[PDB]
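Asker: Got a structure for you, questions after.
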Amino acid sequence: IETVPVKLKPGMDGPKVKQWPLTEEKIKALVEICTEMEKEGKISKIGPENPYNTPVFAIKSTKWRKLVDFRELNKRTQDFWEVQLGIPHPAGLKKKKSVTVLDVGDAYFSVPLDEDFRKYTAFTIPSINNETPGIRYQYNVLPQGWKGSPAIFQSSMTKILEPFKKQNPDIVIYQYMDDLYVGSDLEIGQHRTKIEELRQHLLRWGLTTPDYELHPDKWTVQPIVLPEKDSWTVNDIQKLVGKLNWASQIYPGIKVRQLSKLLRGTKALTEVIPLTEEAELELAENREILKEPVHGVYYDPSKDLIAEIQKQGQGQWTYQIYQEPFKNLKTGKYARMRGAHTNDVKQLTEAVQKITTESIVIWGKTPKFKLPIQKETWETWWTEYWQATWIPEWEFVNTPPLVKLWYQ
Amino acid sequence: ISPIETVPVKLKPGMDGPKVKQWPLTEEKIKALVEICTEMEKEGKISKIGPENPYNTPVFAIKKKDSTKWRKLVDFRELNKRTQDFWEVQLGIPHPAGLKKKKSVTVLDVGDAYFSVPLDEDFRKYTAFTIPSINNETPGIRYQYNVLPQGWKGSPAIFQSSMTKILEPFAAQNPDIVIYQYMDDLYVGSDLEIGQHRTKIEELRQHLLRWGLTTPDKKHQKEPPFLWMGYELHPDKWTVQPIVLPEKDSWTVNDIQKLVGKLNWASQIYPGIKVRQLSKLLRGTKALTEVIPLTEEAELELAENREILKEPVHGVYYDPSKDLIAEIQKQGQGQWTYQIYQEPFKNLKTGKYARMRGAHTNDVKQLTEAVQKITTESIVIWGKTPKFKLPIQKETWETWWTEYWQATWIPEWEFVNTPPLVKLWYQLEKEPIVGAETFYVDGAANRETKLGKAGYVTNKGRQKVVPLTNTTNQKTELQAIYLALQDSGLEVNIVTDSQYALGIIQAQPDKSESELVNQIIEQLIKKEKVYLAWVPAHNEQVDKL
C-alpha cells in the first residue's frame, strides 16, 4: 500500500504548539505506550531538524490511552482536506430513532502515512522539572485524531461497509474522525443486535472495535417558558417583566405594557398586585408566542457553530448552540446523576462531550465552546474525565450570566 | 570534529545562502585572524575553498580575553535568518526544590563544545567567509566551517542531540548514575560509595573524550556548594545566591525594575516578601528612564523586605517517599504567600500570588486562584499535586462553590485554623424580605457636564436626591445603592435599573480599588438582611435625571 500524498494549504507552516506538563503517572503511561508503538513501527524518534510539535495527553477504559491534540494540524491541513477529501454528512442521521457510536480508530494504524508529511505529526513526551530534553517522535502511519486519517481511509471504509449497507438499506452510517455513527429506527433490542452484526462484520474484515445509545428525537430548541404560580407579587411581576423583556430580543412580538401598567405605584416587593384582565391577556398571548419556534433560524454551513454553557446548581447545566446571537440552533440541559461522585469539572467535561456528540450527529461539525471556567483550571484538569478521541475548540468566558434562570 | 553522525540541515524554503559584504579591517586584526584561522584549520574545524563558492559572511577580530590572544568571530545574522527552524532548545530550567539528594554530585563543563560536533556536509558551503589583504587590491583567502559554528541558529540544538546520543551508551552501562544536561554542562549524580562515583566519573570522561569532547581533567568540579544559574546548591540544602538590595536616594525606572526583579527572585525561598507597592510605581506609565519618586507604602515594603533579606534562609531537596504539602496564608491587598514542604521545619520552596486582574475581587476566588497557580507549579516541578493546607472552613467553601457561576475544582484539602481566616462577610437574600422597606434607587450623570445625581424613592413615601461632582453613570448607580443602604433599617430591599451595579454587588466582593465599593461592602456587612433585585429602565429613575 503506497501513501496518499498530503500537500498542506499553500503558505501554511506546520504546528508548533508547546507541550503541557503532565504528572509523573501520565508521563510513564505515555512512555510505555510510545515504546510499544515504536516497536510496532507506528512512530519513530526524530532529530532537532524537525521543529514541529503537537501536544500529547494520557486519558482513559481502564488502561491508559494516548490522545494527540491535532487541532492545529487539523486547521493547517484539513481546511484543504475537507475540500480535497471531504466526507459528506448525511442529514438523515439526526432523524433516526437510535444512534450507536462505534470506535474504529484502530483501522488507521495499518495504513502508512506519506513520507514528506510525517515531520508534522511530531510530538514530545515531556519530562518532569525540565530535567531531560523530552522524547521526540513522529508518526509513520495515519494518526488517530488527525482529520486527514479518516479522509485517506474512507475508500477502504466504504468498501468494507458495502455488504452491510446492502443487507441493511435503512441503517445510516456516518464516519466522523474515529467513530461510526450507526442510526436505526429499530427496537433497542433489534438495534443492538444489528450493531453487533456490524461489529462482527467489521471484525470479519479485520477491524477491531472495543467491547450508551443516543436518541436524537429530542426537541430541537428547548422552549423556555415563564414560571406558573398560583399567586403573583410585585417582585414576581418584576422578574416576569424582566424575563419577558429579554425574550423581546428573540421573539420581537412580546406585547407587555399591561404588566408595566400593572405595577404603576411605588409598592413593597412582597405586596401582591392582582391579576388584571389586561395583564392576563398579555401573559396568555406571550405564552402562546413562546410555544411557537423562531423565524429566520437556519444553519449557515459556511460559518462556525458556537456553544455556550451556564451552570445552574444541583448538578444542572444549560447549553445553547447557535451561529448568530439569539438565533439558537439547539438548546438543551445536562444533569450528571451521581451525588458526591460528580464535581463541577467532571460535569462540565461530560456536558461538553454530550454537546459535541449532538453537534456531530446533527451537522457533521463540532462547535467552539464558551466555557464558564478559569482558563488554567480547565487546562489542568480537562483530561481527567475526557473519554473522546476528538477535541473541540474552546475559549473561556469571564463575564457571568446575570441571566441564569432565563435559560432554565 | 568527530565521527558523530551529522544532522541534516536545509535552508528555509526558497532561500539562498548569505552573500554579504566583507569590508576590510585593521591590518593587525587580519594578522591575528589568519593566525587563529590556520590554527583551527589544522584542527579540522575549518577548510579553505576559494574558487566556486558565491557565498560570504563577514568576520570580525576583537580582544575580550587579552591573553596576547585575539578572537575571531562571525556575524551569522544573515545566514541565521535563512536557515530552517529547529526543535526549540529546552525552554526553562530545573528548579532546585524538585531535585533529589544524590550522595554525590559532579559538574563537568564541556570544552569548546560546538566546534567538536560536525556540520552536515551539504550545508557547509553556506558558512563561507573571506579574508582580504590590501583594500581588496590583492585577493584574499576563503574558508568554510566543518563544525557547529559559534552562535549559529542550529548549533545549540544539534549539539544537544549529539550529546544525548553520545550519552545513551554510557547511560545503558550505568543505570545507577544519573546525568542531567544543560547548555555546556553535565550534572552527574550518584548514590554510590564515593570511590565508585569517582571511577564512574573518569569512565564517563574517557567515553566523552573518545567521542571528541574534552572535559576538566583537574579536580574538575567547582566543588559544592555550586553557583548555578543564580543558585547556591549545597549538599543538603539550596538557596539563592545572595541578593544585594542597593540603598539609593533617587530611583530610575530601570532601577525599580531591577529591584522588583531581585525581590521576586528572592521570594522563592525567603518567606514574606511583598512587591505590591514597589511595582505599583512601574505600573503607572510606560516611561523608560523617568525619575519616579518613592512613595511611603513602597518604602515600608522595601524596609520589610530588607529586614527579611539580611538573614539567610535555605530550602530542602525533594524526597519522593515523603509526601508533598502546600500551605497558604493571606497577607493583604490581594497578596498571598505559600510554602511547599514535606516536613514543617524546612521548606522545599516558597512563593507569592498577587491578584493582578479584577478591581472587584473576592477573598475565596483569589484563594482558589492561588491553589491553581500552586497546582500548576507542582505539576511542573514534582510531577504530582500537593495536598493543600488552607485557612478556610469546609462549610464556607462548599457554600461558595455551589453558588458561584463558574465551575471550580478543589483538590484534597485540609482546613487550618490560622488567622486571618478566609470567610464570606455577607450574603444577599434569595427572595424579597417581608416587612422590609423597598428602595427604588437610581442615579445619573452627564458625560460632558461631569455632574450627576443619585437618589431613591421608597414605598413608605421616603425620597432623597443628592448631587455629585465628577462622577460617571456607573459611579452614581453604585452611589444610589449606597444611599439606600445608609438610610435603611437592618433589612432593606433595593431595586436598581443598573445591571452593572447588580453585577458588581452580586459578585460578593470583599475589597475594591474603589472607596465607594468598600463603603457599600461595610454597609452590606452591617446590614442583617438585604435582597437586591433588578429591573430595566423605561419608576423613580426619571425623578433623579
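Chain lettering (A, B, ...) mirrors the order of the C-alpha cells, residue numbering begins at 1 for each chain separately, and ligand numbering begins at 1 in order of display.
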Please provide as a list in words all residues within 9 Å of region 75-82 of chain B, with the sequence filter that same-chain residues fewer than 2 positions apart are discarded (counting only C-alpha atoms).

Answerer: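 Listed by chain and then number, they are residues 11, 12, 13, 15, 16, 17, 18, 19, 20, 57, 58, 59, 60, 73, 84, 126, 127, 149, 150, 151, 152, 153 and 154 of chain B.
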
Asker: Give me the residues of chain B that have any atom at most 7 Å from an atom of chain A; for each, the nearest atom pair and the distance in Å, rounded to one decimal. Use only C-alpha atoms, sort by chain and number, and format it as a tab-separated table.

Answerer:
```
residue	atom	partner	partner_atom	distance
B:8	CA	A:49	CA	6.8
B:9	CA	A:49	CA	6.3
B:85	CA	A:51	CA	5.8
B:86	CA	A:51	CA	4.3
B:87	CA	A:51	CA	4.0
B:88	CA	A:51	CA	6.7
B:90	CA	A:133	CA	6.4
B:92	CA	A:130	CA	6.7
B:93	CA	A:130	CA	5.8
B:94	CA	A:129	CA	5.0
B:95	CA	A:129	CA	6.6
B:98	CA	A:129	CA	6.5
B:157	CA	A:48	CA	6.1
B:158	CA	A:48	CA	6.1
B:161	CA	A:48	CA	6.9
B:180	CA	A:131	CA	6.0
B:181	CA	A:132	CA	6.6
B:372	CA	A:377	CA	6.4
B:379	CA	A:23	CA	5.7
B:380	CA	A:129	CA	5.6
B:381	CA	A:129	CA	4.5
B:382	CA	A:128	CA	6.4
B:383	CA	A:23	CA	4.1
B:384	CA	A:23	CA	5.2
B:402	CA	A:313	CA	6.3
B:403	CA	A:313	CA	6.7
B:405	CA	A:311	CA	6.1
B:406	CA	A:372	CA	5.0
B:407	CA	A:344	CA	5.1
B:408	CA	A:344	CA	6.0
B:409	CA	A:345	CA	6.2
B:432	CA	A:269	CA	6.3
B:434	CA	A:270	CA	5.9
B:437	CA	A:268	CA	6.9
B:438	CA	A:268	CA	5.4
B:458	CA	A:266	CA	6.9
B:459	CA	A:267	CA	5.0
B:535	CA	A:242	CA	6.1
B:536	CA	A:242	CA	6.9
```

Asker: Run DSSP on the backbone and give me the residues of region 156-260 of chain B it puts in strand (DSSP E or B), as a PyMOL selection string.

Answerer: chain B and resi 177-181+185-190+214+226-227+231-234+237-240

Asker: Extract the full set of helix (DSSP H, G or I) residues from region 459-520 of chain B according to DSSP on the backbone, and format it as a ChimeraX atom specification.

Answerer: /B:473-486,499-506,515-520

Asker: Find the residues around residue 218 (chain A) up to 10 Å (only C-alpha atoms counted), leave out those fewer than 6 positions away in its own chain, and share them as a ChimeraX atom specification.

Answerer: /A:94-95,97,330,332

Asker: Please indicate the distance in Å from CA of residue 209 (chain B) to CA of residue 116 (chain B), rounded to one decimal place.

Answerer: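 CA of residue 209 (chain B) sits 10.6 Å away from CA of residue 116 (chain B).
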
Asker: Can you measure CA of residue 186 (chain A) to CA of residue 329 (chain A) for me? One decimal in Å is fine.

Answerer: 27.2 Å

Asker: Skip region 460-469 of chain B itself and residues of its chain fewer than 5 positions away, then list as a list in words all residues within 7 Å of it, counting only C-alpha atoms.

Answerer: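 Close residues of region 460-469 of chain B: residues 450, 451, 452, 453, 454, 455 and 544 of chain B.
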
Asker: Any chance you can output those residues with C-alpha atoms as an mmCIF file, in the first residue's frame?

Answerer:
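Saved as again_7.cif:
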```cif
data_model
loop_
_atom_site.group_PDB
_atom_site.id
_atom_site.type_symbol
_atom_site.label_atom_id
_atom_site.label_comp_id
_atom_site.auth_asym_id
_atom_site.auth_seq_id
_atom_site.Cartn_x
_atom_site.Cartn_y
_atom_site.Cartn_z
ATOM 1 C CA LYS B 450 -19.441 65.526 34.558
ATOM 2 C CA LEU B 451 -22.084 66.432 37.155
ATOM 3 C CA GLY B 452 -24.516 63.837 38.411
ATOM 4 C CA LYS B 453 -27.264 62.962 40.849
ATOM 5 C CA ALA B 454 -28.159 59.904 42.918
ATOM 6 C CA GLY B 455 -31.315 59.117 44.830
ATOM 7 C CA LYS B 544 -33.305 61.666 39.512
#
```

Asker: Got a sec: who's within 9 Å of residue 125 (chain A), counting only C-alpha atoms, leaving out chain neighbours fewer than 5 positions off, as an mmCIF file with N, CA and C atoms, in the first residue's frame?

Answerer:
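Final output, out.cif:
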```cif
data_model
loop_
_atom_site.group_PDB
_atom_site.id
_atom_site.type_symbol
_atom_site.label_atom_id
_atom_site.label_comp_id
_atom_site.auth_asym_id
_atom_site.auth_seq_id
_atom_site.Cartn_x
_atom_site.Cartn_y
_atom_site.Cartn_z
ATOM 1 N N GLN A 19 4.102 21.703 24.486
ATOM 2 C CA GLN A 19 3.555 20.568 25.222
ATOM 3 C C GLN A 19 3.263 20.997 26.657
ATOM 4 N N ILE A 27 3.171 10.648 32.404
ATOM 5 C CA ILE A 27 4.389 10.581 31.596
ATOM 6 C C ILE A 27 4.859 9.136 31.467
ATOM 7 N N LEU A 30 2.596 7.403 28.963
ATOM 8 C CA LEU A 30 2.970 7.757 27.603
ATOM 9 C C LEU A 30 4.252 7.052 27.184
ATOM 10 N N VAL A 31 5.238 6.959 28.078
ATOM 11 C CA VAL A 31 6.495 6.295 27.723
ATOM 12 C C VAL A 31 6.248 4.828 27.354
ATOM 13 N N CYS A 34 4.361 4.657 23.958
ATOM 14 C CA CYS A 34 5.150 5.029 22.798
ATOM 15 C C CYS A 34 6.253 4.024 22.537
ATOM 16 N N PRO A 55 0.613 18.619 20.866
ATOM 17 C CA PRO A 55 0.548 18.133 22.247
ATOM 18 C C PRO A 55 0.087 16.690 22.325
ATOM 19 N N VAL A 56 0.542 15.981 23.378
ATOM 20 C CA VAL A 56 0.001 14.660 23.687
ATOM 21 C C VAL A 56 -0.528 14.644 25.108
ATOM 22 N N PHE A 57 -1.436 13.697 25.356
ATOM 23 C CA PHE A 57 -2.096 13.556 26.644
ATOM 24 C C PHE A 57 -2.328 12.086 26.916
ATOM 25 N N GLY A 134 13.189 15.668 26.727
ATOM 26 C CA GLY A 134 11.850 15.409 26.227
ATOM 27 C C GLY A 134 12.003 14.450 25.066
ATOM 28 N N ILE A 135 11.094 13.490 24.960
ATOM 29 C CA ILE A 135 11.238 12.439 23.964
ATOM 30 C C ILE A 135 10.418 12.812 22.739
ATOM 31 N N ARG A 136 11.050 12.763 21.572
ATOM 32 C CA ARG A 136 10.535 13.380 20.356
ATOM 33 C C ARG A 136 10.224 12.304 19.328
ATOM 34 N N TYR A 137 8.962 12.242 18.887
ATOM 35 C CA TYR A 137 8.518 11.249 17.910
ATOM 36 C C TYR A 137 7.817 11.912 16.729
#
```

Asker: Choose the residue, out of B:44, B:2, B:21, B:200, that has the smallest atom-to-atom separation from residue 118 (chain B); count only C-alpha atoms.

Answerer: B:2
